[PDB]
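# Report on the structure
Each chain is listed here by its residues.
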Amino acid sequence: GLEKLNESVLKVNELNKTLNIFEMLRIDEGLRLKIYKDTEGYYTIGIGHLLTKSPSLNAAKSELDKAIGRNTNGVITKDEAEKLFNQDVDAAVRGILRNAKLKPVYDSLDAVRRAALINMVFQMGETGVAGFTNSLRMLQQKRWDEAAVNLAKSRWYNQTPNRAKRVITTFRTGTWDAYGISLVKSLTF
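Residues numbered from 1 in each chain as written, not as in the entry; some residues may be left out. Part of a larger assembly, values for the part shown. Heavy atoms only, no water.

### Comments concerning the packing of helix α8 (residues 144–151) against helix α10 (residues 161–173)
For the pair α8 and α10, the least separation of the axes is 8 Å and the interaxial angle reads 170 degrees. The orientation of α8 relative to α10 falls into the category roughly antiparallel. Of the residues in α10, those in contact with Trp144, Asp145, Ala148 and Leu151 of α8 are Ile168, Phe171 and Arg172. Of the residues in the contact of α8 with α10, the class split is 5 nonpolar, no polar and 2 charged. (Axes fitted to C-alpha atoms, helices over the stretch in contact; angles between N-to-C directions. Helix = DSSP H or I, 4+ residues; strand = E, 2+ residues; numbered from the N terminus. Parallel < 35°, antiparallel > 145°, perpendicular 65-115°, else oblique. Contact = heavy atoms within 4.5 Å. Nonpolar A, V, L, I, M, F, W, Y, C, P; charged D, E, K, R; others polar.)

This is how it looks when you write it as structure tokens:
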């Protein structure tokens, strides 16, 4: 078994030679390189990048063409998907720091828990995340056990329990064991 493991890690290193919050939001939401519809019926692409809520069919293609600045038929690439993802993350974090209801907590936490908060914002919207006052206070005060005990009691918990559980363990340990290319490397490690 160990010999086969070394062989597989060598294969991994080779595939890498041939070739992060992005992987987290990929595992939770899901990535698509072609235009599809989300659970609410709106037009999304990439990772949660909402193209258009309008009933218009071609209203998503024009949004994409104006966003990435290219005349693609709706088939984007990997690096441009991550570029749109970083753009959306920048927008969400700007909204977070501007609202100020989340700014003290976000400034109190480290990078991992910041990415977890950004995941919550991407999922339910900054307005919905602002409705976790107790959890937010326990996060800025850096009481992790009680914060996870509290986050497990919400509509956000019953609705999507697995994603909530992963985000909650990420808040707890402050690591990437949950959600763990880079993944194959770390995990074979």
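Having seen the model, we can carry on.
### Notes on the sheet that holds strand β3 (residues 49–52)
Hydrogen bonds between backbone groups are what pair the strands of a sheet, and the pairing can be parallel or antiparallel. Taken in spatial order, the 3 strands make up an open sheet running β1-β2-β3, and their pairing is antiparallel. The open sheet is flanked by β1 (36–37) and β3, the only strands paired with a single partner. In the sheet, β1 pairs with strand β2 (residues 43–45) via 2 bridges, with the strands oriented antiparallel. Within β2, the residue paired with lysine 37 across the bridge is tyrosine 43. (Pairing = 2+ DSSP bridges.)

### So, the environment of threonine 127
With respect to the helices and strands, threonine 127 occurs in helix α6 (residues 111–129). On the accessibility criterion, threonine 127 (67% relative accessible area) is exposed. For the pair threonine 127 and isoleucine 96, spaced 31 residues apart in sequence, the C-alpha to C-alpha distance is 9.7 Å. (Buried < 20%, exposed > 50% of the residue type's maximum accessible area, 1.4 Å probe, protein only.)

### Comments concerning the UniProt feature "active site" (unreviewed entry) in the chain
The positions UniProt marks with the feature "active site" (unreviewed entry) are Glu29 and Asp38. Taken from the residues named earlier, the lining of the largest pocket is made up of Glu29 and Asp38. Its place among the elements puts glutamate 29 in the loop between α2 (21–28) and β1. Once you skip the residues sitting within four places of it in the chain, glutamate 29 turns out to touch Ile47, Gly48 and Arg163. (UniProt positions renumbered as here; feature names shortened; annotations may be inferred. 1 Å grid on protein atoms, 1.4 Å probe; cavity = no way out; pocket = protein on both sides within 12 Å on 5 of 7 lines; lining within 4 Å.)

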